[PDB]
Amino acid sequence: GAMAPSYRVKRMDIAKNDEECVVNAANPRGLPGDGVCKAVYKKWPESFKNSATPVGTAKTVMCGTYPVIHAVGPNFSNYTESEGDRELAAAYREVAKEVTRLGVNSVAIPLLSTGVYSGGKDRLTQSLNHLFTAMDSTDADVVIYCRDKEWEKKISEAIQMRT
């Protein structure tokens, strides 16, 4: 584990991360997709062999020796708010189990269900709080990746508030 486990946020493409493994914001069918998923497919295409997994789960596939944890958040256009909330929390709990199993000291993670699976709603606080609930008990350094300047500031404020 990291000597003093931390959370950090960076506003850049997760495909350029400086961590020991990456979490993909995957679709259930293991398709190239859009947004984070498409960037992950371009950088680590080998990790999409048998990466299909149900909503609310995570499945890791190696690209060489680099782990890609495919985490499937719910698409809020299809799920009710109640059921989608439960599946989003579940996907993050599965990411925490995979990060622990892998023994990594750091992990790059996006905010699940905040892009095209958001159902047109701002889910920064919802998704980030489920990320914290799952990852707080792990000892890996977590680096959250985002692309919006206002989201970077809000994620950074939420991290600093708890220290």
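A residue's number is simply how far along the shown sequence it sits, counting from 1.
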Could you check the entry and say whether 66-74 or 33-41 has the higher mean CA B-factor?
33-41
Could you check the entry and say whether 90-98 or 114-122 has the higher mean CA B-factor?
114-122
Record-listed C-alpha B factor of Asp139: chain third
middle
Would the CA B-factor of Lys59 place it in the lowest, middle or highest third of its chain?
middle
